[PDB]
>>> print(open('work_30.txt').read())   # compact mmCIF, N, CA and C atoms
# COMPACT_ATOMS: atom_id res chain seq x y z
N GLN A 242 -0.25 -5.16 -14.04
CA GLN A 242 -0.18 -3.76 -13.64
C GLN A 242 -1.58 -3.20 -13.42
N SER A 243 -2.48 -3.46 -14.36
CA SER A 243 -3.86 -2.98 -14.24
C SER A 243 -4.50 -3.48 -12.96
N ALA A 244 -4.40 -4.79 -12.71
CA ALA A 244 -5.06 -5.38 -11.56
C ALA A 244 -4.43 -4.90 -10.26
N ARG A 245 -3.13 -4.63 -10.25
CA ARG A 245 -2.54 -4.03 -9.06
C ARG A 245 -3.13 -2.66 -8.80
N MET A 246 -3.30 -1.84 -9.85
CA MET A 246 -3.91 -0.54 -9.62
C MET A 246 -5.31 -0.69 -9.06
N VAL A 247 -6.09 -1.62 -9.61
CA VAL A 247 -7.45 -1.84 -9.12
C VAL A 247 -7.43 -2.22 -7.65
N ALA A 248 -6.59 -3.19 -7.30
CA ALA A 248 -6.54 -3.67 -5.92
C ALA A 248 -6.13 -2.56 -4.97
N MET A 249 -5.16 -1.74 -5.37
CA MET A 249 -4.68 -0.68 -4.50
C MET A 249 -5.73 0.41 -4.35
N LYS A 250 -6.47 0.69 -5.42
CA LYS A 250 -7.60 1.60 -5.32
C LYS A 250 -8.62 1.09 -4.32
N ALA A 251 -8.90 -0.21 -4.36
CA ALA A 251 -9.83 -0.81 -3.41
C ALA A 251 -9.30 -0.68 -1.98
N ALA A 252 -8.00 -0.88 -1.81
CA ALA A 252 -7.39 -0.69 -0.49
C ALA A 252 -7.58 0.74 -0.01
N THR A 253 -7.40 1.71 -0.91
CA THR A 253 -7.62 3.10 -0.56
C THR A 253 -9.05 3.34 -0.11
N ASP A 254 -10.00 2.75 -0.83
CA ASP A 254 -11.41 2.91 -0.47
C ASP A 254 -11.71 2.33 0.90
N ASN A 255 -11.19 1.13 1.17
CA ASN A 255 -11.38 0.51 2.47
C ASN A 255 -10.81 1.39 3.57
N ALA A 256 -9.61 1.93 3.34
CA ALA A 256 -9.00 2.79 4.34
C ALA A 256 -9.85 4.03 4.58
N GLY A 257 -10.38 4.63 3.52
CA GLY A 257 -11.19 5.83 3.70
C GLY A 257 -12.45 5.57 4.51
N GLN A 258 -13.16 4.49 4.19
CA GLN A 258 -14.38 4.18 4.93
C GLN A 258 -14.07 3.91 6.40
N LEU A 259 -12.99 3.15 6.65
CA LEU A 259 -12.56 2.97 8.03
C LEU A 259 -12.20 4.29 8.69
N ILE A 260 -11.61 5.22 7.93
CA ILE A 260 -11.24 6.51 8.51
C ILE A 260 -12.48 7.23 9.01
N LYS A 261 -13.52 7.26 8.19
CA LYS A 261 -14.78 7.84 8.64
C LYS A 261 -15.25 7.16 9.92
N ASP A 262 -15.16 5.83 9.95
CA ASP A 262 -15.54 5.08 11.13
C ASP A 262 -14.78 5.58 12.36
N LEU A 263 -13.48 5.79 12.20
CA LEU A 263 -12.66 6.17 13.35
C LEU A 263 -12.95 7.58 13.83
N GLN A 264 -13.22 8.53 12.93
CA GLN A 264 -13.61 9.85 13.43
C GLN A 264 -14.89 9.74 14.25
N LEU A 265 -15.88 8.99 13.76
CA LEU A 265 -17.11 8.91 14.54
C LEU A 265 -16.85 8.25 15.89
N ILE A 266 -16.04 7.20 15.90
CA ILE A 266 -15.76 6.52 17.16
C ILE A 266 -15.10 7.47 18.14
N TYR A 267 -14.07 8.17 17.68
CA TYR A 267 -13.36 9.11 18.53
C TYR A 267 -14.31 10.15 19.09
N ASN A 268 -15.19 10.68 18.25
CA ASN A 268 -16.09 11.73 18.72
C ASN A 268 -16.97 11.23 19.84
N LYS A 269 -17.63 10.09 19.62
CA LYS A 269 -18.55 9.60 20.65
C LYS A 269 -17.81 9.24 21.93
N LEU A 270 -16.67 8.56 21.80
CA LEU A 270 -15.92 8.14 22.98
C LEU A 270 -15.45 9.35 23.78
N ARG A 271 -14.99 10.39 23.08
CA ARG A 271 -14.57 11.60 23.76
C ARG A 271 -15.74 12.26 24.48
N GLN A 272 -16.89 12.35 23.81
CA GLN A 272 -18.07 12.92 24.46
C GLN A 272 -18.41 12.15 25.73
N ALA A 273 -18.45 10.83 25.63
CA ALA A 273 -18.83 10.01 26.77
C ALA A 273 -17.86 10.18 27.91
N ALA A 274 -16.56 10.14 27.61
CA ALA A 274 -15.56 10.33 28.66
C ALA A 274 -15.73 11.68 29.33
N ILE A 275 -15.87 12.73 28.53
CA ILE A 275 -15.98 14.08 29.08
C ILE A 275 -17.16 14.17 30.01
N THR A 276 -18.32 13.72 29.54
CA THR A 276 -19.51 13.70 30.38
C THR A 276 -19.26 12.92 31.65
N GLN A 277 -18.48 11.84 31.55
CA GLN A 277 -18.22 11.00 32.71
C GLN A 277 -17.46 11.77 33.78
N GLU A 278 -16.36 12.41 33.41
CA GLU A 278 -15.63 13.13 34.45
C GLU A 278 -16.43 14.31 34.95
N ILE A 279 -17.28 14.88 34.10
CA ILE A 279 -18.16 15.95 34.58
C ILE A 279 -19.06 15.42 35.68
N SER A 280 -19.61 14.22 35.47
CA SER A 280 -20.44 13.59 36.49
C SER A 280 -19.65 13.41 37.77
N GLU A 281 -18.41 12.94 37.65
CA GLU A 281 -17.60 12.76 38.84
C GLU A 281 -17.41 14.08 39.58
N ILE A 282 -17.13 15.14 38.83
CA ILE A 282 -16.87 16.44 39.46
C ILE A 282 -18.11 16.92 40.19
N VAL A 283 -19.27 16.82 39.54
CA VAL A 283 -20.48 17.35 40.16
C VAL A 283 -20.85 16.52 41.38
N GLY A 284 -20.60 15.21 41.33
CA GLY A 284 -20.79 14.41 42.53
C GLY A 284 -19.87 14.84 43.65
N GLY A 285 -18.60 15.08 43.33
CA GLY A 285 -17.64 15.44 44.35
C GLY A 285 -17.93 16.79 44.99
N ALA A 286 -18.28 17.78 44.17
CA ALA A 286 -18.53 19.12 44.70
C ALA A 286 -19.71 19.13 45.66
N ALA A 287 -20.67 18.23 45.46
CA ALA A 287 -21.82 18.16 46.35
C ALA A 287 -21.45 17.77 47.77
N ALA A 288 -20.24 17.25 47.99
CA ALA A 288 -19.86 16.76 49.31
C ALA A 288 -19.60 17.91 50.27
N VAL A 289 -18.64 18.77 49.95
CA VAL A 289 -18.28 19.87 50.83
C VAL A 289 -18.59 21.19 50.15
N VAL B 71 15.11 -10.83 -48.95
CA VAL B 71 15.48 -9.77 -49.88
C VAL B 71 14.41 -9.64 -50.96
N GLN B 72 14.03 -8.41 -51.25
CA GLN B 72 13.16 -8.03 -52.35
C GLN B 72 13.82 -6.91 -53.14
N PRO B 73 13.43 -6.71 -54.41
CA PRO B 73 14.10 -5.69 -55.23
C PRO B 73 14.15 -4.31 -54.60
N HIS B 74 13.34 -4.04 -53.59
CA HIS B 74 13.33 -2.74 -52.93
C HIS B 74 13.40 -2.82 -51.41
N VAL B 75 12.95 -3.90 -50.79
CA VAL B 75 12.83 -3.96 -49.34
C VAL B 75 13.53 -5.20 -48.82
N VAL B 76 14.24 -5.04 -47.71
CA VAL B 76 14.90 -6.14 -47.02
C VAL B 76 14.49 -6.11 -45.55
N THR B 77 14.05 -7.26 -45.05
CA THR B 77 13.68 -7.42 -43.66
C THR B 77 14.60 -8.46 -43.04
N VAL B 78 15.05 -8.21 -41.82
CA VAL B 78 16.00 -9.07 -41.14
C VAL B 78 15.36 -9.50 -39.82
N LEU B 79 14.72 -10.66 -39.82
CA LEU B 79 14.12 -11.20 -38.60
C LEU B 79 15.19 -12.02 -37.90
N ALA B 80 15.97 -11.34 -37.07
CA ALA B 80 17.06 -11.98 -36.34
C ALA B 80 16.61 -12.34 -34.93
N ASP B 81 17.09 -13.49 -34.46
CA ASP B 81 16.79 -13.90 -33.09
C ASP B 81 17.32 -12.88 -32.10
N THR B 82 18.63 -12.69 -32.07
CA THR B 82 19.28 -11.67 -31.25
C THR B 82 19.99 -10.72 -32.21
N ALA B 83 19.35 -9.60 -32.51
CA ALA B 83 19.90 -8.59 -33.40
C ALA B 83 20.47 -7.46 -32.55
N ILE B 84 21.78 -7.25 -32.65
CA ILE B 84 22.49 -6.28 -31.83
C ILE B 84 23.33 -5.39 -32.73
N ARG B 85 23.20 -4.07 -32.56
CA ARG B 85 24.07 -3.13 -33.24
C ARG B 85 25.48 -3.27 -32.70
N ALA B 86 26.38 -3.88 -33.46
CA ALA B 86 27.72 -4.15 -32.97
C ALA B 86 28.64 -4.43 -34.14
N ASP B 87 29.93 -4.47 -33.84
CA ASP B 87 30.96 -4.80 -34.81
C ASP B 87 31.65 -6.12 -34.55
N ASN B 88 31.69 -6.57 -33.30
CA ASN B 88 32.40 -7.78 -32.92
C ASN B 88 31.52 -8.61 -32.01
N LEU B 89 31.75 -9.93 -32.04
CA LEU B 89 31.04 -10.85 -31.16
C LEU B 89 31.69 -10.78 -29.78
N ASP B 90 31.50 -9.63 -29.13
CA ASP B 90 32.01 -9.41 -27.79
C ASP B 90 31.02 -8.63 -26.92
N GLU B 91 29.76 -8.52 -27.33
CA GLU B 91 28.76 -7.76 -26.60
C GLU B 91 28.35 -8.46 -25.32
N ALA B 92 29.07 -9.53 -24.96
CA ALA B 92 28.80 -10.20 -23.69
C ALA B 92 28.88 -9.24 -22.52
N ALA B 93 29.71 -8.20 -22.64
CA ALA B 93 29.87 -7.19 -21.60
C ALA B 93 28.64 -6.30 -21.44
N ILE B 94 27.68 -6.35 -22.35
CA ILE B 94 26.55 -5.43 -22.29
C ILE B 94 25.25 -6.22 -22.12
N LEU B 95 25.22 -7.44 -22.64
CA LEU B 95 24.04 -8.28 -22.44
C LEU B 95 23.89 -8.63 -20.96
N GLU B 96 25.00 -8.92 -20.29
CA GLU B 96 24.94 -9.15 -18.85
C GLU B 96 24.48 -7.89 -18.13
N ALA B 97 24.90 -6.72 -18.61
CA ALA B 97 24.46 -5.47 -18.01
C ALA B 97 22.95 -5.31 -18.14
N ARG B 98 22.42 -5.66 -19.31
CA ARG B 98 20.98 -5.64 -19.53
C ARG B 98 20.26 -6.58 -18.57
N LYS B 99 20.79 -7.80 -18.43
CA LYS B 99 20.17 -8.76 -17.52
C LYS B 99 20.22 -8.28 -16.08
N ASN B 100 21.34 -7.67 -15.67
CA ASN B 100 21.42 -7.11 -14.33
C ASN B 100 20.45 -5.97 -14.13
N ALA B 101 20.26 -5.12 -15.13
CA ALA B 101 19.25 -4.07 -15.02
C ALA B 101 17.87 -4.67 -14.82
N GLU B 102 17.52 -5.68 -15.62
CA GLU B 102 16.20 -6.29 -15.51
C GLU B 102 16.01 -6.93 -14.14
N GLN B 103 17.01 -7.69 -13.67
CA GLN B 103 16.86 -8.36 -12.39
C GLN B 103 16.87 -7.37 -11.24
N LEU B 104 17.63 -6.28 -11.37
CA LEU B 104 17.63 -5.25 -10.34
C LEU B 104 16.26 -4.59 -10.24
N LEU B 105 15.65 -4.31 -11.38
CA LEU B 105 14.33 -3.70 -11.37
C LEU B 105 13.29 -4.69 -10.84
N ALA B 106 13.49 -5.98 -11.13
CA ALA B 106 12.67 -7.01 -10.51
C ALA B 106 12.85 -7.02 -8.99
N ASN B 107 14.08 -6.83 -8.53
CA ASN B 107 14.35 -6.73 -7.10
C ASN B 107 13.63 -5.53 -6.50
N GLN B 108 13.62 -4.41 -7.22
CA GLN B 108 12.90 -3.23 -6.77
C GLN B 108 11.41 -3.53 -6.66
N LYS B 109 10.87 -4.22 -7.66
CA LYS B 109 9.47 -4.64 -7.63
C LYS B 109 9.18 -5.47 -6.38
N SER B 110 9.98 -6.51 -6.17
CA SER B 110 9.74 -7.42 -5.06
C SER B 110 9.88 -6.71 -3.72
N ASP B 111 10.82 -5.78 -3.61
CA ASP B 111 10.99 -5.04 -2.37
C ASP B 111 9.82 -4.09 -2.13
N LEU B 112 9.60 -3.15 -3.04
CA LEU B 112 8.61 -2.10 -2.84
C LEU B 112 7.19 -2.65 -2.76
N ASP B 113 6.86 -3.69 -3.52
CA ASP B 113 5.58 -4.36 -3.32
C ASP B 113 5.49 -4.93 -1.91
N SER B 114 6.51 -5.67 -1.49
CA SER B 114 6.48 -6.33 -0.19
C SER B 114 6.69 -5.33 0.94
N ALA B 115 7.80 -4.59 0.89
CA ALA B 115 8.19 -3.75 2.01
C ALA B 115 7.11 -2.71 2.31
N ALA B 116 6.58 -2.07 1.27
CA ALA B 116 5.55 -1.07 1.50
C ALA B 116 4.24 -1.72 1.93
N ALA B 117 3.67 -2.55 1.06
CA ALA B 117 2.32 -3.05 1.30
C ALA B 117 2.30 -4.06 2.43
N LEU B 118 2.99 -5.19 2.25
CA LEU B 118 2.83 -6.32 3.17
C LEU B 118 3.08 -5.90 4.61
N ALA B 119 4.09 -5.07 4.83
CA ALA B 119 4.23 -4.44 6.14
C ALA B 119 2.98 -3.65 6.49
N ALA B 120 2.64 -2.67 5.66
CA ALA B 120 1.46 -1.85 5.91
C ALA B 120 0.19 -2.70 5.92
N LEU B 121 0.18 -3.78 5.13
CA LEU B 121 -0.96 -4.69 5.16
C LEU B 121 -1.20 -5.20 6.57
N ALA B 122 -0.15 -5.70 7.22
CA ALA B 122 -0.28 -6.13 8.60
C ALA B 122 -0.58 -4.95 9.52
N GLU B 123 0.07 -3.81 9.30
CA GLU B 123 -0.02 -2.70 10.25
C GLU B 123 -1.44 -2.15 10.31
N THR B 124 -2.05 -1.91 9.15
CA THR B 124 -3.36 -1.28 9.13
C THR B 124 -4.43 -2.16 9.77
N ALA B 125 -4.17 -3.46 9.88
CA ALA B 125 -5.11 -4.40 10.48
C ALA B 125 -4.78 -4.73 11.93
N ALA B 126 -4.26 -3.76 12.69
CA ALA B 126 -3.70 -4.10 13.99
C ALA B 126 -4.75 -4.42 15.04
N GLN B 127 -5.54 -3.43 15.45
CA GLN B 127 -6.38 -3.53 16.64
C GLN B 127 -7.78 -3.03 16.37
N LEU B 128 -8.32 -3.36 15.19
CA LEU B 128 -9.61 -2.80 14.80
C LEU B 128 -10.72 -3.27 15.72
N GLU B 129 -10.81 -4.58 15.96
CA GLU B 129 -11.89 -5.10 16.80
C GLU B 129 -11.75 -4.61 18.23
N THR B 130 -10.52 -4.42 18.70
CA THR B 130 -10.30 -3.83 20.02
C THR B 130 -11.05 -2.52 20.16
N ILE B 131 -11.07 -1.73 19.09
CA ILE B 131 -11.79 -0.47 19.13
C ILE B 131 -13.27 -0.70 18.88
N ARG B 132 -13.61 -1.65 18.01
CA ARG B 132 -15.01 -1.87 17.66
C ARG B 132 -15.83 -2.29 18.87
N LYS B 133 -15.26 -3.10 19.75
CA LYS B 133 -16.00 -3.53 20.93
C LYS B 133 -16.19 -2.39 21.94
N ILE B 134 -15.26 -1.43 22.00
CA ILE B 134 -15.32 -0.40 23.03
C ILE B 134 -16.14 0.82 22.61
N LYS B 135 -16.70 0.80 21.41
CA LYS B 135 -17.83 1.66 21.08
C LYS B 135 -18.95 1.56 22.10
N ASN B 136 -19.58 0.39 22.20
CA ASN B 136 -20.84 0.24 22.90
C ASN B 136 -20.69 0.52 24.40
N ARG B 137 -19.46 0.70 24.88
CA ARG B 137 -19.24 1.31 26.18
C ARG B 137 -20.01 2.62 26.31
N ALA B 138 -20.97 2.66 27.22
CA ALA B 138 -21.70 3.89 27.51
C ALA B 138 -20.98 4.75 28.52
N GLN B 139 -19.86 4.28 29.05
CA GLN B 139 -19.12 5.01 30.06
C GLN B 139 -17.94 5.71 29.41
>>> encode(input="work_30.txt", output="structure tokens")
Amino acid sequence: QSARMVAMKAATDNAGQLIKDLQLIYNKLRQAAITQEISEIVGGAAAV
Amino acid sequence: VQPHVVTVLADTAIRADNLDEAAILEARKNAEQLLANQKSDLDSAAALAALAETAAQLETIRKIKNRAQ
């Protein structure tokens, strides 16, 4: 029982650290995508 | 037996009147095995499923970080 609690606590810790990882990933990827379509728009508007 | 104290170290000591508690010992064994079944299910069904699930596509995301686009 004790060792199961320890292992599950460790699983919780791993999940939390990965969670932080995923927020950072989402933030950067969203920024990059947004900037990308902005670039497309500004390129397009320059045409006509 | 002692002049004041008696201890009864019985193998299977059961509060009963007749040698017919077979109807309740089996009930005890079924309770134990059922709770063992609960252990085996909830350990497996919850974790082992979630164990596989949480490890689905991590590297798929890890590689698409360095995408500058």
>>> interface_residues(input="work_30.txt", of="chain B", to="chain A", cutoff="8 Å", atoms="all atoms listed in the file", output="list in words")
residues 131, 134, 135, 137, 138 and 139 of chain B
>>> atom_distance(input="work_30.txt", atom1="atom CA of residue A:248", atom2="atom CA of residue B:129")
23.4 Å
>>> atom_distance(input="work_30.txt", atom1="atom C of residue A:268", atom2="atom CA of residue A:280")
17.2 Å
>>> select_by_dssp(input="work_30.txt", residues="chain B", states="alpha helix (DSSP H)", output="VMD selection string")
chain B and resid 92 to 112 119 to 124 128 to 135
>>> atom_distance(input="work_30.txt", atom1="atom N of residue A:242", atom2="atom CA of residue B:84")
28.9 Å
>>> axis_aligned_box(input="work_30.txt", around="stretch 242-255 of chain A", padding_each_side="3 Å", output="JSON")
{"center_x": -5.9, "center_y": -1.0, "center_z": -5.4, "size_x": 17.5, "size_y": 14.7, "size_z": 23.9}
>>> build_atoms(input="work_30.txt", residues="stretch 257-274 of chain A", atoms="N, CA, C and O atoms", output="mmCIF file, keeping the file's coordinate frame")
data_model
loop_
_atom_site.group_PDB
_atom_site.id
_atom_site.type_symbol
_atom_site.label_atom_id
_atom_site.label_comp_id
_atom_site.auth_asym_id
_atom_site.auth_seq_id
_atom_site.Cartn_x
_atom_site.Cartn_y
_atom_site.Cartn_z
ATOM 1 N N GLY A 257 -10.380 4.630 3.520
ATOM 2 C CA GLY A 257 -11.190 5.830 3.700
ATOM 3 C C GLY A 257 -12.450 5.570 4.510
ATOM 4 O O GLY A 257 -12.787 6.337 5.422
ATOM 5 N N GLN A 258 -13.160 4.490 4.190
ATOM 6 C CA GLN A 258 -14.380 4.180 4.930
ATOM 7 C C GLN A 258 -14.070 3.910 6.400
ATOM 8 O O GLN A 258 -14.746 4.417 7.305
ATOM 9 N N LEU A 259 -12.990 3.150 6.650
ATOM 10 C CA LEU A 259 -12.560 2.970 8.030
ATOM 11 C C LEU A 259 -12.200 4.290 8.690
ATOM 12 O O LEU A 259 -12.446 4.478 9.877
ATOM 13 N N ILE A 260 -11.610 5.220 7.930
ATOM 14 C CA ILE A 260 -11.240 6.510 8.510
ATOM 15 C C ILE A 260 -12.480 7.230 9.010
ATOM 16 O O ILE A 260 -12.502 7.764 10.131
ATOM 17 N N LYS A 261 -13.520 7.260 8.190
ATOM 18 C CA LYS A 261 -14.780 7.840 8.640
ATOM 19 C C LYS A 261 -15.250 7.160 9.920
ATOM 20 O O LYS A 261 -15.665 7.827 10.893
ATOM 21 N N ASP A 262 -15.160 5.830 9.950
ATOM 22 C CA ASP A 262 -15.540 5.080 11.130
ATOM 23 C C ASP A 262 -14.780 5.580 12.360
ATOM 24 O O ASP A 262 -15.343 5.773 13.437
ATOM 25 N N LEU A 263 -13.480 5.790 12.200
ATOM 26 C CA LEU A 263 -12.660 6.170 13.350
ATOM 27 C C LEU A 263 -12.950 7.580 13.830
ATOM 28 O O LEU A 263 -12.948 7.818 15.045
ATOM 29 N N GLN A 264 -13.220 8.530 12.930
ATOM 30 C CA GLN A 264 -13.610 9.850 13.430
ATOM 31 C C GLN A 264 -14.890 9.740 14.250
ATOM 32 O O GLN A 264 -14.997 10.322 15.339
ATOM 33 N N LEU A 265 -15.880 8.990 13.760
ATOM 34 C CA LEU A 265 -17.110 8.910 14.540
ATOM 35 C C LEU A 265 -16.850 8.250 15.890
ATOM 36 O O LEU A 265 -17.365 8.719 16.934
ATOM 37 N N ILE A 266 -16.040 7.200 15.900
ATOM 38 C CA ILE A 266 -15.760 6.520 17.160
ATOM 39 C C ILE A 266 -15.100 7.470 18.140
ATOM 40 O O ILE A 266 -15.501 7.573 19.309
ATOM 41 N N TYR A 267 -14.070 8.170 17.680
ATOM 42 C CA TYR A 267 -13.360 9.110 18.530
ATOM 43 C C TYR A 267 -14.310 10.150 19.090
ATOM 44 O O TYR A 267 -14.268 10.474 20.288
ATOM 45 N N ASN A 268 -15.190 10.680 18.250
ATOM 46 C CA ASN A 268 -16.090 11.730 18.720
ATOM 47 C C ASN A 268 -16.970 11.230 19.840
ATOM 48 O O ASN A 268 -17.055 11.849 20.909
ATOM 49 N N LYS A 269 -17.630 10.090 19.620
ATOM 50 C CA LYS A 269 -18.550 9.600 20.650
ATOM 51 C C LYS A 269 -17.810 9.240 21.930
ATOM 52 O O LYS A 269 -18.266 9.563 23.035
ATOM 53 N N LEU A 270 -16.670 8.560 21.800
ATOM 54 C CA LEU A 270 -15.920 8.140 22.980
ATOM 55 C C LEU A 270 -15.450 9.350 23.780
ATOM 56 O O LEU A 270 -15.498 9.349 25.014
ATOM 57 N N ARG A 271 -14.990 10.390 23.080
ATOM 58 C CA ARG A 271 -14.570 11.600 23.760
ATOM 59 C C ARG A 271 -15.740 12.260 24.480
ATOM 60 O O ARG A 271 -15.606 12.683 25.634
ATOM 61 N N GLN A 272 -16.890 12.350 23.810
ATOM 62 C CA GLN A 272 -18.070 12.920 24.460
ATOM 63 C C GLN A 272 -18.410 12.150 25.730
ATOM 64 O O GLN A 272 -18.633 12.749 26.789
ATOM 65 N N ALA A 273 -18.450 10.830 25.630
ATOM 66 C CA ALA A 273 -18.830 10.010 26.770
ATOM 67 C C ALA A 273 -17.860 10.180 27.910
ATOM 68 O O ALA A 273 -18.260 10.375 29.065
ATOM 69 N N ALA A 274 -16.560 10.140 27.610
ATOM 70 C CA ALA A 274 -15.560 10.330 28.660
ATOM 71 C C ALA A 274 -15.730 11.680 29.330
ATOM 72 O O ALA A 274 -15.754 11.761 30.567
#
